[PDB]
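Enquirer: part one of the complex, untouched from its place in the assembly:
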Amino acid sequence: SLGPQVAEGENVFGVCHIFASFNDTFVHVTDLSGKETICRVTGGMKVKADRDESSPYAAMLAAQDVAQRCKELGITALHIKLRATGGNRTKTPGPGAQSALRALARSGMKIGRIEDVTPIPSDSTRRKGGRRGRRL
Amino acid sequence: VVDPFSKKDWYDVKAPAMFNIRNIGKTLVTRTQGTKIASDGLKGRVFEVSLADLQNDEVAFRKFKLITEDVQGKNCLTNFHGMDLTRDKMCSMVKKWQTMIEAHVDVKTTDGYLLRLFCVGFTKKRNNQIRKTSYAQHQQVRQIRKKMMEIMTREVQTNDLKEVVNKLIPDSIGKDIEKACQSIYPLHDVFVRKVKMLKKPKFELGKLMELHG
Amino acid sequence: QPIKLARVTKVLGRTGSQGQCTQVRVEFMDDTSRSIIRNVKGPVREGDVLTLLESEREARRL
Amino acid sequence: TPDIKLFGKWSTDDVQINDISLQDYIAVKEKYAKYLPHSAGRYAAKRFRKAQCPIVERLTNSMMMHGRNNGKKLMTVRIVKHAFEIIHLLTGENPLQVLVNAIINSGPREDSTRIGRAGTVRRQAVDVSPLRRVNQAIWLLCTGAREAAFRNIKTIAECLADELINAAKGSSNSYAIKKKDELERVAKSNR
Amino acid sequence: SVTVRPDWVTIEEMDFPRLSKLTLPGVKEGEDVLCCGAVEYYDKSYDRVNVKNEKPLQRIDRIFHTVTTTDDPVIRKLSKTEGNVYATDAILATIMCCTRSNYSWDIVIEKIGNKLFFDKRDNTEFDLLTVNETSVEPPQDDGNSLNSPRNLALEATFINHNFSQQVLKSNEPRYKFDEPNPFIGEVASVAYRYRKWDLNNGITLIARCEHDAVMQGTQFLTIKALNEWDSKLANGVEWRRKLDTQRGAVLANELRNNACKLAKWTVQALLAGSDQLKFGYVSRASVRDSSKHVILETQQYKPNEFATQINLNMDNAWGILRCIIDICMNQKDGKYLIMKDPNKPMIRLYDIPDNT
Amino acid sequence: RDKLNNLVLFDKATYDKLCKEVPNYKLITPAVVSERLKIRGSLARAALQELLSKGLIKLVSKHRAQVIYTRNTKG
């Protein structure tokens, strides 16, 4: 529980992987390596209803618990790696992306550098749903 | 009922002598409990650092991958692994009404390291051009791509890895290709999109500690 | 945060669901040049004063 | 008295509206200096004609409410006269100055409302106009004194004196400041 | 303001964003070491003066002493006794609300030993009052025009020096502190009192603080005069129109147009510890008549209320001041110059020979 | 819940409070005195009319709805 960095100026950086699907949100802090995990609070751990796992609210709760949990270990600032589902599926991030990123900045952390890391394929395998799509 | 972060030593990370800001940050490890060792489990971690943070303050769109190939003592020693342009940059460059020319060469340094370099270049629209398009014919494209490969090979092949990174810290290769292809078709947004690492020589320490000052 | 005075310079358009908020261009009495857009309840006139609790946030123009 | 027009027996001059914002929509000084709260009106003729009604008359208008007391301005004028006597006793200030201070301290700065990206809905925070500030300031401390007096020995004149003293202070004891702070809190909670 | 010679060495540069971010808490109370001069009683009966019942603005011959830190005999005495930073209200008002600065201004720092004499250049345009500085467009007129920045500033300065004396019952027994005015019937109503500020980081500050007059109710007055010359072009609303429905609007509009002047005047009063700052609404006869003036109205504001109203931060004012006194109590002796970039928003600091 | 039982006539110690206290108050009204002594408005009025005719409190205004007195001046 002791990052031996200087009390005055030294910022200890983590990196927060915000995987935001359209029916879940993840907020997951790691080393600059990306190997050693510190926190992972999902949208679904906080709220107990299936329809609001992908909420701005649930993502706001998740980022708040992550912010509080990582402040104790002594992670001061965070780099950001945002992503939607990707592959064959959507490449627009979920509605929890904005509220989560906002929430762990309202909660007194520092924001380093942000970038999209969605798995964008060269050209991909056949997408789920028939030739005639998802008819409803 | 075991606090899992009680047994965690923090380790300072060090970048090689080629960059201005030496230390990248800190790294977590588990205390040597049993047979598996802290330093051995810590050896071979890939750190993706933006060149803005790696230097003092510059371009933030070029990133360098660095491998902790050895640990001396409370200090991870990273070494040049690879390079990649950011998604935002690559997506911003690729726009409609022009020709995108892509090359890749599999070239080896004087020491063991064998890289794969990917070059990219987009056909520039002239200052008095009224034609919307500004496309390159197929033979003009592959004459450009042949010249891309010829420079990319020459620049790396003849000198060692310390000097090829010193060339990738600016974009001397991309500026050289861009000026070279002015006669065939004027390109503008020319970079070495990506550098990959395929083979390393069998690990040395004296060769690492020359790169670490 | 210190409470700051924004002065209405030109009333632009009416907004809200039931046409209830006047959206107005304000010119800051504090800084010489900074002019932002704010949604305002009640009746507002061209050339009077507002007391903003924050002098950074801005309302979405339509 | 061809020079000064003492409101019953209260001085016009030497009352200052400190706040620059509420200064135009508060009429107490130099031309709105009149002897009685009572007058003809014609302040509902055009849009911002209302701003020129002496604040004492605005208070006298707002006071007469809850059905059984619609259009008893003579009874309301005697309530305001008795309240100004009682304010002067307990405070020792100019009762017009205490009223002006209570108007400033009671008026909210921010309120919550329903806005757009029309499709669904959203309750965001917005500003209140300097007229809306003074309009709601008067209404709040009038209804505060009203509901306080209902089923009580403390007479309407005493309840008004209580509200205007405690609101001019900024107590959070007057219904005016209590409710102001509730609206500004909700306005913050969803901004 | 000044033509900068090739012998003048730039040492330090500070821009307005960096100066805006500064703060200092812990600034202690000002201690009246000396109170000098004699101040008249104010006629509260010039406030039965509105848009309908105005007054003639008359020329009053009373002698104003524009004596700087260099020529101050009490500061010259106090120099050796205690204090290492000596200033006037106009000078520190400039540095404090420097953030709003539009035009080129200058301050001569004179570090003789372990001292800062924040001095002003006599026979330079420092004691002019600027006009419509911070408008959408400042007056873009030529020196031969009557609506020029020079000619508007000239008459604005005159009417302020007129108004301060004219409103005053200036031949009824004066309030005397201890001494007569240290500069000399002929004189003008003004009182100079010196104050010590112990300033956290290890600086003692002795500034000369000026009250304009006394009013009863006793009470001390800082008094200034707001000018309205040709509103329709000037990029402001008319004063004579009604001013009574729109007083708050006529005020806030003339404030933005004179952002730095009203900021210097208000921090001037906060410095002196005046409990009330009054004003004087002066306009022309016809919109292009430089000679005539008529006093429309006056409004009174407690400077503490006014400064939080208009905009100021004591922490900013004292935070910028600690920075500049620290810079020039750090670097070497001789004559300096805090000059603001004529066209851009940044203050510069040159080191100069012993002459200019 | 709660109920109010005021006095129809003075207790000895309540009248001792009234004879000592109510000429110290800045505002003297039958409603104020009614709350401050646990006494019916009828008793309050009758007591304050004693206090006035006695010549101890300075009346400011009388009205069927509102009768206001104050403590008499000092010098």
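Expert: On my side now, so go ahead. Numbers count the residues shown, from 1 in each chain, chains lettered A, B, ... in the order given.

Enquirer: counting by contacts, list what the longest helix out of those in chain F packs against.
Expert: Counting residues, the longest helix in chain F under DSSP state H turns out to be helix F:41-54. Other helices and strands packing on helix F:41-54, by 3 or more Cβ pairs under 8 Å, 6 or more residues apart in numbering or on different chains; DSSP states H and E, are helix F:30-37, strand F:57-61, strand F:68-71. Using the backbone N, CA and C atoms, a C-beta is placed for each residue, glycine as well.

Enquirer: run through the strands of chain A in chain order.
Expert: In chain A, the segments counted as strands under DSSP state E are A:13-21, A:24-30, A:37-42, A:77-83, A:110-116.

Enquirer: pipe those strands into JSON lines and attach mean neighbour count per row.
Expert: Output for these, formatted as JSON lines (neighbours: other Cβ atoms under 10 Å in any protein chain shown):
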{"stretch": "strand A:13-21", "mean neighbour count": "23"}
{"stretch": "strand A:24-30", "mean neighbour count": "24"}
{"stretch": "strand A:37-42", "mean neighbour count": "18"}
{"stretch": "strand A:77-83", "mean neighbour count": "21"}
{"stretch": "strand A:110-116", "mean neighbour count": "15"}
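
Enquirer: and the nearest residue to residue D:171 once chain neighbours are set aside, helix, strand or coil?
Expert: Excluding the flanking residues, the one nearest residue D:171 by Cβ to Cβ, 6 or more residues apart in numbering or on different chains is residue D:177, at 6.0 Å. Put simply, residue D:177 is helix when judged by DSSP: H, G, I helix; E, B strand; the rest coil.

Enquirer: which phi and psi does the closest residue to chain E within chain A have?
Expert: Here chain A gets closest to chain E at one residue, residue A:9, 16.5 Å apart by Cβ to the nearest Cβ. Per-residue torsions, residue A:9: phi -110, psi -40 (degrees, to the nearest 10).

Enquirer: sequence below should go in as RNA strand G:
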RNA sequence: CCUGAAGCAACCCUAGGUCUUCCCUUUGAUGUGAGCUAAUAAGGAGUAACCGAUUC
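Expert: Putting RNA strand G onto the chains we already have gives this:
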């Protein structure tokens, strides 16, 4: 008609104590207890419950 009462730092006058402290007693402050009020505080929470697509 009588109610408190024993030493006053030291010299002269003066009144046989012509005298002002134990404390009776009232006004001004500070701290605790209790009431009304803060307040519907805030938080719990825009959570739980209930309703939502679909059939004309």
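
Enquirer: once more for what packs on helix F:41-54, now including RNA strand G?
Expert: helix F:30-37, strand F:57-61, strand F:68-71.

Enquirer: is residue D:137 in a helix, a strand, or coil?
Expert: What three-state DSSP gives for residue D:137 is helix.

Enquirer: what separation do you get for it and residue D:179?
Expert: According to Cβ to Cβ, to the nearest Å, residue D:137 and residue D:179 sit 11 Å apart.

Enquirer: tell me the contacts of the one residue sitting closest to the centre of chain F?
Expert: The centre of chain F sits closest to residue F:33, judged by Cα atoms, centre = their mean, with a distance of 4.0 Å. Listed by Cβ atoms under 8 Å, 6 or more residues apart in numbering or on different chains, the contact set of residue F:33 reads F:18, F:22, F:39, F:44, F:47, F:48.

Enquirer: contacts only, for the last one.
Expert: Contacts here follow Cβ under 8 Å, 6+ apart; on that basis residue F:48 touches F:22, F:28, F:30, F:33, F:57, F:67, F:69.

Enquirer: show me which pair in those residues is furthest apart.
Expert: Taking Cβ to Cβ as the measure, the contacts of residue F:48 span a maximum distance of 13.5 Å, between F:22 and F:67.

Enquirer: where's the closest residue to chain B within chain F, which helix or strand?
Expert: Closest to chain B within chain F is residue F:1: 52.2 Å, counting by Cβ to the nearest Cβ. Taking DSSP states H and E as the definition, one finds residue F:1 inside no helix or strand.

Enquirer: residue E:227 is in contact with residue E:156, isn't it?
Expert: Yes. Residue E:227 is within contact range of residue E:156, at 4.4 Å (criterion: Cβ atoms under 8 Å).

Enquirer: comparing these two, which residue is more hemmed in?
Expert: residue E:227 (25 against 21; other Cβ atoms under 10 Å in any protein chain shown).

Enquirer: three-state assignment of that one?
Expert: Residue E:227 ends up strand, using three-state DSSP.
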